[PDB]
């Protein structure tokens, strides 16, 4: 079967709110969107839109029948019950992959999955708001722009980024970096992955000659004309060579699969084929050689850091692996979350995502221009919107992501609702986000690692986020376990609300798009961040325990 979101202005559901849910679950399985839709897999290996095909078919059946005062419960991708609520409550409540903590393991998940009892929601797979690769590209752009703002007055022209890994997430770095105004040198050991990124226009050039790569980079930095270059090789060899050469990248990071020393990171001096064979004969030797290689790479990263260059981790655990392998100074440079993302979270600045249910790209282009009107002094935002139009291809329903703070989300949502009402877009707009927002994630090895107060693992917050978005009038609300970092390691919440042009939706939008980022300002003010405390006061939040 081939699934895609219905289009245009005719609806099959009883109203546009449940029509939106119908379109969004189908869009998650669009062959231009999903990684393996035949198995209902949206992204992330096992992130599914529904538990199985019987469940998918029944979800579609229920969504077309739900009245505006009925609410469907989704339990790990299964439509288990419909109950009467009211028009100002969500039409769907979703809880995916949640396991009592001592059972929150892949071993138990798999046992339950084999019995037909489980589904992995990842983040946006089980909660029907996945929009393809734009999420990763935009998020990587956001990080590079945050680094540019912090270190270079927002200007990367004539500068270049050194990184490694062109995989499922790392492959976004060339495009994100050049969109951000920098040239990019990315080390990658798999030639087939390089060739794929070349074919799909995610990468400009590659070579196995490091000197040639540098001459290309320097020529582009001279011309102030960003280029992306992949060097075929091993980051544990190339990074120390670049240190020895005295070259001057303006940002250094890494997205090798360092989190997986057995199956991910290629040891120094090994071929891909040798790694394949050694994993079958001697897994412990593979792990040891990989971690020792990571220590060599991190030692080089530290030398750039010692020379005053901004160096940051990109959430792949490479510092801890290198530390364990003997690089005792591994943590002298920061992770990208505490350095760049958490300060944005402290102002409720986070992923703001919207989807044109009409299917018409002109709907998104109209909303792009409107965002630029509403936030006129934001060059990195305007540049992103302009560059996304020509560089980012829509997948399934046209959609857009940008990062928007507590001060502005509701303004944008209400403007979108007005555009639906006055026909400046052809059909209603779905507004949501991934689950990685200021108030909606507890993930002590990633987004809440190293909180000032040590509250990394407190998961009250995403549960309150979901309950409050339910209370506030979101169209569907989701509570998920284990997205990104796997079973046992995160708890997070999603929210989607439909702007259908009505005054009733306007009231809901004004609450949800304020309250949802405000919970993140609250959460970070609670942890002690003055940036968040200041933001709370600027937005007149009622935080009873805050002075």
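Residue numbers count along the first chain shown, from 1.
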Note to self: Going by the mean C-alpha B-factor recorded in the entry, which is higher: 461 to 469 or 180 to 188?
What the structure shows: 180 to 188
Next item on the list: Would you tell me which stretch averages the higher CA B-factor in the PDB entry, 195 to 203 or 300 to 308?
Entry: 195 to 203
Note to self: If I read the C-alpha B-factors straight from the PDB entry, which of 484, 517, 488, 494 is highest?
What the structure shows: 484
Note to self: Among the choices 316, 138, 153, 96, identify the one whose CA B-factor in the record is greatest.
What the structure shows: 153
Check: Relative to the other modelled residues in the chain, which third contains the C-alpha temperature factor of residue 252: lowest, middle or highest?
Finding: lowest
Next item on the list: Report the third (lowest, middle or highest) to which the CA temperature factor of residue 545 belongs, ranking only the modelled residues of the same chain.
Entry: middle
Check: What third of the chain, by the recorded C-alpha B-factor, contains residue 521?
Finding: lowest
Notebook entry, point to check: When the modelled residues of the chain are sorted by Cα temperature factor, does residue 345 land in the lowest, middle or highest third?
Noted result: lowest
Item checked: residue 107 - which third its CA temperature factor falls in, relative to the rest of the chain -> highest
